[PDB]
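Engineer: One file is attached below, run.pdb, containing PDB, C-alpha atoms.
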```
ATOM      1  CA  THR A  37       0.000   0.000   0.000
ATOM      2  CA  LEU A  38       2.533   2.553  -1.229
ATOM      3  CA  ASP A  39       0.730   5.228  -3.272
ATOM      4  CA  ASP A  40       2.472   5.928  -6.620
ATOM      5  CA  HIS A  41       0.937   9.462  -6.940
ATOM      6  CA  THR A  42       2.307  10.729  -3.577
ATOM      7  CA  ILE A  43       5.853  12.124  -3.670
ATOM      8  CA  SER A  44       8.116  13.213  -0.779
ATOM      9  CA  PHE A  45      11.018  15.632  -1.200
ATOM     10  CA  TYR A  46      14.059  13.770   0.132
ATOM     11  CA  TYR A  47      17.488  15.150   1.061
ATOM     12  CA  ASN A  48      20.598  12.997   0.961
ATOM     13  CA  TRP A  49      23.214  15.626   1.810
ATOM     14  CA  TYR A  50      23.711  14.499   5.420
ATOM     15  CA  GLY A  51      26.971  13.076   6.745
ATOM     16  CA  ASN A  52      28.911  12.438   9.946
ATOM     17  CA  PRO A  53      32.404  11.646  11.328
ATOM     18  CA  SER A  54      31.361   7.980  11.701
ATOM     19  CA  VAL A  55      30.416   7.184   8.092
ATOM     20  CA  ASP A  56      31.691  10.069   6.006
ATOM     21  CA  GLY A  57      34.707  11.437   7.957
ATOM     22  CA  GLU A  58      33.024  14.747   8.904
ATOM     23  CA  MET A  59      29.687  16.386   9.735
ATOM     24  CA  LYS A  60      27.701  17.530   6.681
ATOM     25  CA  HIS A  61      24.615  19.791   6.672
ATOM     26  CA  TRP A  62      23.988  18.898  10.366
ATOM     27  CA  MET A  63      26.585  21.545  11.216
ATOM     28  CA  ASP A  85      24.169  21.252  18.881
ATOM     29  CA  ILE A  86      23.085  21.035  15.196
ATOM     30  CA  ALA A  87      21.716  23.247  12.363
ATOM     31  CA  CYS A  88      17.958  22.646  12.955
ATOM     32  CA  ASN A  89      15.105  23.272  15.404
ATOM     33  CA  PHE A  90      14.206  19.606  15.820
ATOM     34  CA  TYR A  91      16.538  16.695  16.615
ATOM     35  CA  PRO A  92      16.123  13.474  14.615
ATOM     36  CA  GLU A  93      15.320  10.033  16.110
ATOM     37  CA  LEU A  94      18.129   8.663  13.955
ATOM     38  CA  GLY A  95      20.567  11.292  15.357
ATOM     39  CA  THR A  96      23.104  13.202  13.221
ATOM     40  CA  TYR A  97      22.969  10.477  10.556
ATOM     41  CA  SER A  98      24.751   9.781   7.232
ATOM     42  CA  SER A  99      22.816   9.556   3.934
ATOM     43  CA  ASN A 100      25.490   7.082   2.838
ATOM     44  CA  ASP A 101      24.615   4.599   5.668
ATOM     45  CA  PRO A 102      22.591   1.606   4.413
ATOM     46  CA  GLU A 103      21.112   1.194   7.886
ATOM     47  CA  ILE A 104      19.820   4.795   7.734
ATOM     48  CA  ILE A 105      18.502   4.235   4.202
ATOM     49  CA  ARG A 106      16.885   0.900   5.079
ATOM     50  CA  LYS A 107      15.115   2.799   7.861
ATOM     51  CA  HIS A 108      14.145   5.821   5.734
ATOM     52  CA  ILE A 109      12.503   3.413   3.239
ATOM     53  CA  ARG A 110      10.682   1.613   6.086
ATOM     54  CA  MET A 111       9.526   5.027   7.278
ATOM     55  CA  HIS A 112       8.081   5.607   3.798
ATOM     56  CA  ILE A 113       6.323   2.212   4.221
ATOM     57  CA  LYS A 114       4.787   3.494   7.470
ATOM     58  CA  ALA A 115       3.737   6.736   5.794
ATOM     59  CA  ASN A 116       2.191   4.917   2.774
ATOM     60  CA  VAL A 117       4.321   7.076   0.388
ATOM     61  CA  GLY A 118       5.501   5.377  -2.817
ATOM     62  CA  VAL A 119       7.747   7.989  -4.365
ATOM     63  CA  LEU A 120      10.835   9.799  -3.136
ATOM     64  CA  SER A 121      12.173  12.897  -4.997
ATOM     65  CA  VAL A 122      15.877  13.219  -4.167
ATOM     66  CA  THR A 123      17.659  16.592  -4.206
ATOM     67  CA  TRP A 124      20.132  16.555  -7.118
ATOM     68  CA  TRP A 125      22.979  18.993  -7.722
ATOM     69  CA  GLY A 126      24.209  18.153 -11.216
ATOM     70  CA  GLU A 127      27.700  16.972 -12.110
ATOM     71  CA  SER A 128      29.062  16.816  -8.555
ATOM     72  CA  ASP A 129      26.337  14.294  -7.746
ATOM     73  CA  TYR A 130      27.074  11.772 -10.601
ATOM     74  CA  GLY A 131      27.712   8.275  -9.230
ATOM     75  CA  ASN A 132      26.685   9.511  -5.786
ATOM     76  CA  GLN A 133      26.748   6.630  -3.228
ATOM     77  CA  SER A 134      23.480   7.526  -1.419
ATOM     78  CA  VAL A 135      21.389   7.327  -4.655
ATOM     79  CA  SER A 136      22.502   3.730  -5.415
ATOM     80  CA  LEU A 137      21.746   2.573  -1.875
ATOM     81  CA  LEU A 138      18.453   4.492  -2.073
ATOM     82  CA  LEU A 139      17.213   2.892  -5.327
ATOM     83  CA  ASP A 140      18.294  -0.599  -4.145
ATOM     84  CA  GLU A 141      16.450  -0.321  -0.805
ATOM     85  CA  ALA A 142      13.397   1.123  -2.500
ATOM     86  CA  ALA A 143      13.368  -1.774  -4.992
ATOM     87  CA  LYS A 144      13.111  -4.272  -2.090
ATOM     88  CA  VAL A 145       9.708  -2.968  -0.960
ATOM     89  CA  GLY A 146       8.151  -1.391  -4.090
ATOM     90  CA  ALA A 147       9.043   2.269  -3.352
ATOM     91  CA  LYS A 148      10.173   4.532  -6.207
ATOM     92  CA  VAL A 149      12.828   7.281  -6.798
ATOM     93  CA  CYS A 150      12.489  10.394  -8.979
ATOM     94  CA  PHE A 151      14.824  13.377  -9.027
ATOM     95  CA  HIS A 152      14.523  16.965  -7.811
ATOM     96  CA  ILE A 153      16.707  19.042 -10.123
ATOM     97  CA  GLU A 154      18.042  21.858  -7.979
ATOM     98  CA  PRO A 155      19.626  25.292  -8.759
ATOM     99  CA  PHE A 156      23.134  23.914  -9.239
ATOM    100  CA  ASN A 157      26.150  25.844 -10.628
ATOM    101  CA  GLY A 158      25.615  27.204 -14.144
ATOM    102  CA  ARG A 159      22.329  25.283 -14.553
ATOM    103  CA  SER A 160      21.045  25.829 -18.058
ATOM    104  CA  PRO A 161      18.564  24.130 -20.371
ATOM    105  CA  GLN A 162      21.716  22.544 -21.937
ATOM    106  CA  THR A 163      23.257  21.370 -18.635
ATOM    107  CA  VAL A 164      19.768  20.344 -17.482
ATOM    108  CA  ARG A 165      19.742  18.061 -20.538
ATOM    109  CA  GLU A 166      23.121  16.470 -19.646
ATOM    110  CA  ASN A 167      21.797  15.838 -16.152
ATOM    111  CA  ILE A 168      18.622  14.244 -17.504
ATOM    112  CA  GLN A 169      20.735  11.984 -19.754
ATOM    113  CA  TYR A 170      22.978  10.914 -16.832
ATOM    114  CA  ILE A 171      19.972  10.067 -14.692
ATOM    115  CA  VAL A 172      18.173   8.036 -17.369
ATOM    116  CA  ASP A 173      21.296   6.157 -18.512
ATOM    117  CA  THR A 174      22.602   5.411 -15.063
ATOM    118  CA  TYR A 175      19.325   4.877 -13.140
ATOM    119  CA  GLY A 176      16.728   4.576 -15.917
ATOM    120  CA  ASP A 177      16.861   0.765 -15.966
ATOM    121  CA  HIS A 178      16.764   0.326 -12.177
ATOM    122  CA  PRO A 179      13.639  -1.447 -10.777
ATOM    123  CA  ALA A 180      12.939   1.433  -8.399
ATOM    124  CA  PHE A 181      13.419   4.304 -10.884
ATOM    125  CA  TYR A 182      10.040   6.092 -11.071
ATOM    126  CA  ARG A 183       7.781   6.193 -14.107
ATOM    127  CA  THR A 184       4.171   7.366 -14.117
ATOM    128  CA  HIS A 185       2.101   6.739 -17.221
ATOM    129  CA  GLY A 186       5.399   5.473 -18.738
ATOM    130  CA  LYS A 187       7.517   8.604 -18.123
ATOM    131  CA  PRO A 188      10.207   9.621 -15.595
ATOM    132  CA  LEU A 189       9.321  12.681 -13.537
ATOM    133  CA  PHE A 190      11.580  15.606 -12.666
ATOM    134  CA  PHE A 191      10.860  18.444 -10.216
ATOM    135  CA  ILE A 192      12.691  21.636 -11.170
ATOM    136  CA  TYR A 193      13.347  23.955  -8.245
ATOM    137  CA  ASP A 194      13.700  27.665  -8.939
ATOM    138  CA  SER A 195      13.086  26.779 -12.561
ATOM    139  CA  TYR A 196      11.997  30.431 -13.033
ATOM    140  CA  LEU A 197      15.716  31.373 -12.899
ATOM    141  CA  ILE A 198      15.740  30.354 -16.554
ATOM    142  CA  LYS A 199      13.466  32.063 -19.108
ATOM    143  CA  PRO A 200      10.440  30.060 -20.316
ATOM    144  CA  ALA A 201      11.318  30.626 -24.000
ATOM    145  CA  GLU A 202      14.750  29.061 -23.292
ATOM    146  CA  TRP A 203      13.225  26.026 -21.562
ATOM    147  CA  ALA A 204      11.172  25.487 -24.768
ATOM    148  CA  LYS A 205      14.404  24.567 -26.478
ATOM    149  CA  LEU A 206      14.475  21.578 -24.118
ATOM    150  CA  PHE A 207      10.773  20.825 -23.645
ATOM    151  CA  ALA A 208       8.985  21.832 -26.876
ATOM    152  CA  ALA A 209       8.571  19.231 -29.613
ATOM    153  CA  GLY A 210      10.278  21.678 -32.005
ATOM    154  CA  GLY A 211      13.087  22.652 -29.585
ATOM    155  CA  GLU A 212      16.734  22.640 -30.639
ATOM    156  CA  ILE A 213      17.848  20.421 -27.781
ATOM    157  CA  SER A 214      14.389  18.852 -27.315
ATOM    158  CA  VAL A 215      13.989  15.677 -25.231
ATOM    159  CA  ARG A 216      10.497  15.100 -26.614
ATOM    160  CA  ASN A 217      10.222  11.912 -28.708
ATOM    161  CA  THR A 218      13.630  10.687 -27.436
ATOM    162  CA  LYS A 219      14.599   8.251 -24.635
ATOM    163  CA  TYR A 220      15.040  11.317 -22.342
ATOM    164  CA  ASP A 221      11.417  12.468 -22.662
ATOM    165  CA  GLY A 222       9.511  12.607 -19.399
ATOM    166  CA  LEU A 223       7.233  14.744 -17.230
ATOM    167  CA  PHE A 224       8.912  17.990 -16.336
ATOM    168  CA  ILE A 225       7.480  20.016 -13.484
ATOM    169  CA  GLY A 226       8.342  23.650 -12.912
ATOM    170  CA  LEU A 227       8.219  25.659  -9.752
ATOM    171  CA  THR A 228       5.466  28.313  -9.770
ATOM    172  CA  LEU A 229       5.578  31.358  -7.468
ATOM    173  CA  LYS A 230       2.136  32.807  -8.298
ATOM    174  CA  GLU A 231      -1.114  31.874 -10.096
ATOM    175  CA  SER A 232      -0.820  34.730 -12.567
ATOM    176  CA  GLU A 233       2.438  33.195 -13.867
ATOM    177  CA  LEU A 234       1.031  29.821 -14.901
ATOM    178  CA  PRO A 235       1.289  30.714 -18.608
ATOM    179  CA  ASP A 236       5.108  30.727 -18.118
ATOM    180  CA  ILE A 237       4.620  27.030 -17.460
ATOM    181  CA  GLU A 238       3.043  26.678 -20.965
ATOM    182  CA  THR A 239       5.655  28.763 -22.815
ATOM    183  CA  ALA A 240       8.331  26.594 -21.178
ATOM    184  CA  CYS A 241       6.433  23.569 -22.492
ATOM    185  CA  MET A 242       6.692  22.107 -19.032
ATOM    186  CA  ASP A 243       4.335  19.199 -18.390
ATOM    187  CA  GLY A 244       3.219  20.805 -15.128
ATOM    188  CA  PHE A 245       3.943  22.859 -12.038
ATOM    189  CA  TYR A 246       4.522  22.577  -8.294
ATOM    190  CA  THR A 247       4.598  24.952  -5.310
ATOM    191  CA  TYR A 248       7.198  23.385  -2.908
ATOM    192  CA  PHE A 249       6.930  25.724   0.084
ATOM    193  CA  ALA A 250       5.550  24.191   3.246
ATOM    194  CA  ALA A 251       4.645  27.589   4.678
ATOM    195  CA  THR A 252       1.062  28.703   3.900
ATOM    196  CA  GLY A 253       0.997  32.098   2.249
ATOM    197  CA  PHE A 254       4.725  32.276   1.793
ATOM    198  CA  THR A 255       3.914  32.571  -1.904
ATOM    199  CA  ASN A 256       0.645  33.092  -3.732
ATOM    200  CA  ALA A 257       0.975  29.573  -5.243
ATOM    201  CA  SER A 258       1.555  28.185  -1.740
ATOM    202  CA  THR A 259      -1.669  29.681  -0.434
ATOM    203  CA  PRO A 260      -4.144  26.724  -0.284
ATOM    204  CA  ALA A 261      -7.236  28.780  -1.234
ATOM    205  CA  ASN A 262      -5.767  29.338  -4.726
ATOM    206  CA  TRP A 263      -5.288  25.615  -5.303
ATOM    207  CA  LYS A 264      -8.745  24.835  -6.699
ATOM    208  CA  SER A 265      -8.379  27.625  -9.256
ATOM    209  CA  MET A 266      -4.857  26.328 -10.099
ATOM    210  CA  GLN A 267      -6.033  22.750 -10.707
ATOM    211  CA  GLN A 268      -8.834  24.115 -12.924
ATOM    212  CA  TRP A 269      -6.215  26.019 -14.920
ATOM    213  CA  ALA A 270      -4.002  22.945 -15.179
ATOM    214  CA  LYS A 271      -6.781  20.866 -16.757
ATOM    215  CA  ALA A 272      -7.851  23.601 -19.233
ATOM    216  CA  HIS A 273      -4.191  23.782 -20.216
ATOM    217  CA  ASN A 274      -3.644  19.969 -20.001
ATOM    218  CA  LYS A 275      -0.997  20.266 -17.301
ATOM    219  CA  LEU A 276      -0.379  18.562 -13.951
ATOM    220  CA  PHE A 277      -0.685  20.594 -10.762
ATOM    221  CA  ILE A 278       1.185  19.020  -7.871
ATOM    222  CA  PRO A 279       0.629  21.074  -4.756
ATOM    223  CA  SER A 280       3.187  20.744  -2.008
ATOM    224  CA  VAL A 281       2.017  19.936   1.446
ATOM    225  CA  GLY A 282       3.958  20.376   4.672
ATOM    226  CA  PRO A 283       3.401  19.732   8.427
ATOM    227  CA  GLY A 284       4.819  23.095   9.651
ATOM    228  CA  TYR A 285       7.874  25.302   8.999
ATOM    229  CA  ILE A 286      10.675  26.620  11.235
ATOM    230  CA  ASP A 287      14.248  27.549  10.208
ATOM    231  CA  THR A 288      15.126  30.022  12.953
ATOM    232  CA  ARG A 289      18.323  28.162  14.082
ATOM    233  CA  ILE A 290      19.947  28.788  10.644
ATOM    234  CA  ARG A 291      17.993  31.976   9.914
ATOM    235  CA  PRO A 292      17.396  33.915  13.147
ATOM    236  CA  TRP A 293      15.793  36.707  11.034
ATOM    237  CA  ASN A 294      13.246  34.493   9.270
ATOM    238  CA  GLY A 295      10.638  34.299  12.047
ATOM    239  CA  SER A 296       8.000  35.545   9.563
ATOM    240  CA  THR A 297       8.036  32.250   7.574
ATOM    241  CA  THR A 298       7.401  30.227  10.822
ATOM    242  CA  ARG A 299       4.339  27.976  10.870
ATOM    243  CA  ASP A 300       3.355  26.088  14.076
ATOM    244  CA  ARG A 301       2.465  22.406  13.769
ATOM    245  CA  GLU A 302      -0.568  22.945  16.030
ATOM    246  CA  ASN A 303      -0.614  19.294  17.136
ATOM    247  CA  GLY A 304      -1.195  18.100  13.573
ATOM    248  CA  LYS A 305      -3.934  20.561  12.611
ATOM    249  CA  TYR A 306      -1.651  22.552  10.285
ATOM    250  CA  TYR A 307      -0.728  19.310   8.390
ATOM    251  CA  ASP A 308      -4.423  18.278   8.222
ATOM    252  CA  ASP A 309      -5.812  21.575   6.876
ATOM    253  CA  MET A 310      -3.063  21.748   4.216
ATOM    254  CA  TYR A 311      -3.318  18.099   3.030
ATOM    255  CA  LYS A 312      -7.161  18.219   2.852
ATOM    256  CA  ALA A 313      -6.798  21.407   0.802
ATOM    257  CA  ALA A 314      -4.456  19.477  -1.528
ATOM    258  CA  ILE A 315      -6.960  16.582  -1.977
ATOM    259  CA  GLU A 316     -10.082  18.770  -2.277
ATOM    260  CA  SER A 317      -8.194  20.713  -4.938
ATOM    261  CA  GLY A 318      -8.613  17.734  -7.285
ATOM    262  CA  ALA A 319      -4.864  17.405  -8.046
ATOM    263  CA  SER A 320      -3.947  13.885  -9.188
ATOM    264  CA  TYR A 321      -0.523  14.126  -7.609
ATOM    265  CA  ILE A 322       0.436  15.513  -4.200
ATOM    266  CA  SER A 323       4.010  16.324  -3.077
ATOM    267  CA  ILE A 324       5.209  16.545   0.563
ATOM    268  CA  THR A 325       7.710  19.126   1.834
ATOM    269  CA  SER A 326       9.489  17.435   3.314
ATOM    270  CA  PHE A 327      10.453  14.024   4.480
ATOM    271  CA  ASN A 328      13.746  15.347   5.851
ATOM    272  CA  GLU A 329      14.504  19.002   5.209
ATOM    273  CA  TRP A 330      15.573  19.407   8.858
ATOM    274  CA  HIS A 331      17.142  22.858   8.312
ATOM    275  CA  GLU A 332      13.694  24.218   7.324
ATOM    276  CA  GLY A 333      11.700  22.221   9.926
ATOM    277  CA  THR A 334       9.354  20.738   7.277
ATOM    278  CA  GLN A 335      10.278  17.096   7.929
ATOM    279  CA  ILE A 336       7.733  14.323   8.606
ATOM    280  CA  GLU A 337      10.715  12.180   9.713
ATOM    281  CA  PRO A 338      10.421  11.162  13.406
ATOM    282  CA  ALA A 339      11.919  13.678  15.850
ATOM    283  CA  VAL A 340      12.661  13.203  19.546
ATOM    284  CA  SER A 341      12.655  15.567  22.516
ATOM    285  CA  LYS A 342      16.220  16.824  23.146
ATOM    286  CA  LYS A 343      17.381  19.543  25.611
ATOM    287  CA  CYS A 344      21.220  20.203  25.617
ATOM    288  CA  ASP A 345      23.187  23.166  27.040
ATOM    289  CA  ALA A 346      22.570  26.152  24.703
ATOM    290  CA  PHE A 347      19.169  25.229  23.142
ATOM    291  CA  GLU A 348      16.000  23.172  23.814
ATOM    292  CA  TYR A 349      14.702  21.672  20.522
ATOM    293  CA  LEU A 350      11.062  21.722  19.383
ATOM    294  CA  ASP A 351       9.524  18.280  19.258
ATOM    295  CA  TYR A 352       6.202  16.601  18.342
ATOM    296  CA  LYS A 353       5.037  16.127  21.988
ATOM    297  CA  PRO A 354       2.296  15.468  22.988
ATOM    298  CA  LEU A 355       2.247  13.553  19.689
ATOM    299  CA  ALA A 356       4.220  10.340  19.073
ATOM    300  CA  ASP A 357       7.657  10.494  17.382
ATOM    301  CA  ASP A 358       6.265   9.007  14.210
ATOM    302  CA  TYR A 359       2.893  10.823  14.258
ATOM    303  CA  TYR A 360       3.649  12.645  11.009
ATOM    304  CA  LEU A 361       4.397   9.414   9.227
ATOM    305  CA  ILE A 362       1.248   7.738  10.632
ATOM    306  CA  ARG A 363      -0.939  10.776   9.789
ATOM    307  CA  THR A 364       0.497  10.857   6.281
ATOM    308  CA  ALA A 365      -0.882   7.325   5.857
ATOM    309  CA  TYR A 366      -4.285   8.632   6.992
ATOM    310  CA  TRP A 367      -4.127  11.291   4.232
ATOM    311  CA  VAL A 368      -2.604   9.072   1.506
ATOM    312  CA  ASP A 369      -5.672   6.851   2.013
ATOM    313  CA  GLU A 370      -8.099   9.801   1.811
ATOM    314  CA  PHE A 371      -6.182  10.867  -1.276
ATOM    315  CA  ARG A 372      -6.306   7.363  -2.810
ATOM    316  CA  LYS A 373     -10.003   6.935  -2.024
ATOM    317  CA  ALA A 374     -10.967  10.248  -3.591
ATOM    318  CA  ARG A 375      -8.815   9.520  -6.631
ATOM    319  CA  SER A 376     -10.557   6.116  -7.026
ATOM    320  CA  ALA A 377     -13.964   7.844  -7.347
TER     321      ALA A 377
END
```
Would you encode the structure as structure tokens?
Structural biologist:
Amino acid sequence: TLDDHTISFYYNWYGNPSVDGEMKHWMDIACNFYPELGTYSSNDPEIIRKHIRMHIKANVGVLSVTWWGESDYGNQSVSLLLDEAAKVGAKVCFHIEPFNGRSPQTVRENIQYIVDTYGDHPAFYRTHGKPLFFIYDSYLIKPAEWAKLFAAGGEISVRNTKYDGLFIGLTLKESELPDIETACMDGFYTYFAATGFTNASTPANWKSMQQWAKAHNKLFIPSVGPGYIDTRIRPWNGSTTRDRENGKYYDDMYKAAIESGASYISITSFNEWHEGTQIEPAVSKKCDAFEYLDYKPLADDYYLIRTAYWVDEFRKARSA
């Protein structure tokens, strides 16, 4: 019971002295919550076995792994990830991030690497026969220049080739949806876990957005989160803070996603700890210079268990 239309955003940039030879991303760490798995490595099969089992518990069938271009080719954590996922039926797609000199041409090279290296893997994600890529801060590149990658006529088109797929742009506001169409992107997402951080990430606008997507034959994939806090790494950013409200925040935002009519839902995040959007189990932790936020009075794995509640509601409503 892993839903193949529910996708988590997954980060694999964690490391530690034990596995990797030094702390990575974690640095008394760089987040407001402390993980059950501790300051873990993304290159630890026993972490990755667990992360996959946690996706089992959440009923989530697709992981979207942060991807930084060339520097990430032949990355250890991705192999381990795919292999673990393949054991249980979970799937991996890629979240193409604003890496150095990202261009429609270097986005193409990255697509080719991913299909050639992972394309054949049993856990590599296809939906209606096509791989699926999430493009963060895609708006950094002009729509007209994307069309050279994503239009049928484009000069470096991937359409009609073995690198064709479903390509999903980040939208900031509703009024900019036509940029999606110019770009010849197969759809759009919203990413941000914080309600009203952007106009596209305000849940009231979602019904209108899904309507637009269907009239334009596009996929809307709203992003749902359980809360948001990044004040340990951004003391100034208190304005983007959203309280978990004992689950209520997660429930209002996921229901909004399902009522929208979207056929795909994305979750920000499984494990963006820096931003406090993770559904990954967190424990209570005190320590000298800072008391962490936790899920209390809720269980450590509440957010995984409540995601299964919502996946089900999502699957039921899709089935009608």
Engineer: Do you know which residues the PyMOL selection byres ((chain A and resi 113-130) around 7) returns on this file, as a VMD selection string?
Structural biologist: chain A and resid 37 to 40 42 to 48 109 to 112 131 to 132 147 to 154 156 167 361 to 362 364 to 365 368
Engineer: Measure the distance from CA of residue 258 (chain A) to CA of residue 302 (chain A) in Å and round it to one decimal.
Structural biologist: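 Separation between CA of residue 258 (chain A) and CA of residue 302 (chain A): 18.6 Å.
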Engineer: Which residues of region 96-204 of chain A come within 12 Å of region 275-280 of chain A, and for each one, what is the closest pair of atoms and their distance in Å to one decimal, counting all atoms listed in the file, sorted by chain and residue number, as CSV?
Structural biologist:
```
residue,atom,partner,partner_atom,distance
A:189,CA,A:276,CA,11.4
A:190,CA,A:278,CA,11.9
A:191,CA,A:278,CA,10.0
```
Engineer: Would you put the residues from that selection into a file with C-alpha atoms, as a PDB file, in the coordinates of the input?
Structural biologist:
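Saved as part-v8.pdb:
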```
ATOM      1  CA  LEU A 189       9.321  12.681 -13.537  1.00  0.00           C
ATOM      2  CA  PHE A 190      11.580  15.606 -12.666  1.00  0.00           C
ATOM      3  CA  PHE A 191      10.860  18.444 -10.216  1.00  0.00           C
TER       4      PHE A 191
END
```
Engineer: Given all atoms listed in the file, how would the per-residue table for region 255-275 of chain A near region 225-244 of chain A read, listing every residue at most 10 Å away with its closest atom pair and distance in Å to one decimal, sorted by chain and number, as JSON lines?
Structural biologist:
```
{"residue": "A:255", "atom": "CA", "partner": "A:229", "partner_atom": "CA", "distance": 5.9}
{"residue": "A:256", "atom": "CA", "partner": "A:230", "partner_atom": "CA", "distance": 4.8}
{"residue": "A:257", "atom": "CA", "partner": "A:230", "partner_atom": "CA", "distance": 4.6}
{"residue": "A:258", "atom": "CA", "partner": "A:229", "partner_atom": "CA", "distance": 7.7}
{"residue": "A:259", "atom": "CA", "partner": "A:230", "partner_atom": "CA", "distance": 9.3}
{"residue": "A:262", "atom": "CA", "partner": "A:231", "partner_atom": "CA", "distance": 7.5}
{"residue": "A:263", "atom": "CA", "partner": "A:231", "partner_atom": "CA", "distance": 8.9}
{"residue": "A:265", "atom": "CA", "partner": "A:231", "partner_atom": "CA", "distance": 8.5}
{"residue": "A:266", "atom": "CA", "partner": "A:231", "partner_atom": "CA", "distance": 6.7}
{"residue": "A:269", "atom": "CA", "partner": "A:234", "partner_atom": "CA", "distance": 8.2}
{"residue": "A:270", "atom": "CA", "partner": "A:244", "partner_atom": "CA", "distance": 7.5}
{"residue": "A:273", "atom": "CA", "partner": "A:238", "partner_atom": "CA", "distance": 7.8}
{"residue": "A:274", "atom": "CA", "partner": "A:243", "partner_atom": "CA", "distance": 8.2}
{"residue": "A:275", "atom": "CA", "partner": "A:244", "partner_atom": "CA", "distance": 4.8}
```
Engineer: Expanded to explicit residues, what is the PyMOL selection byres ((chain A and resi 222) around 9) for this file, as a list in words?
Structural biologist: residues 183, 186, 187, 188, 189, 190, 215, 216, 219, 220, 221, 223, 224 and 243 of chain A
Engineer: CA of residue 372 (chain A) and CA of residue 41 (chain A) are how many Å apart?
Structural biologist: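 According to the coordinates, CA of residue 372 (chain A) and CA of residue 41 (chain A) are separated by 8.6 Å.
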Engineer: Any chance you could work out the residue set of the PyMOL selection byres ((chain A and resi 350) around 6) here, as JSON, numbers by chain?
Structural biologist: {"A": [89, 90, 349, 351]}
Engineer: Between CA of residue 307 (chain A) and CA of residue 334 (chain A), what distance in Å does the model show, to one decimal?
Structural biologist: 10.2 Å
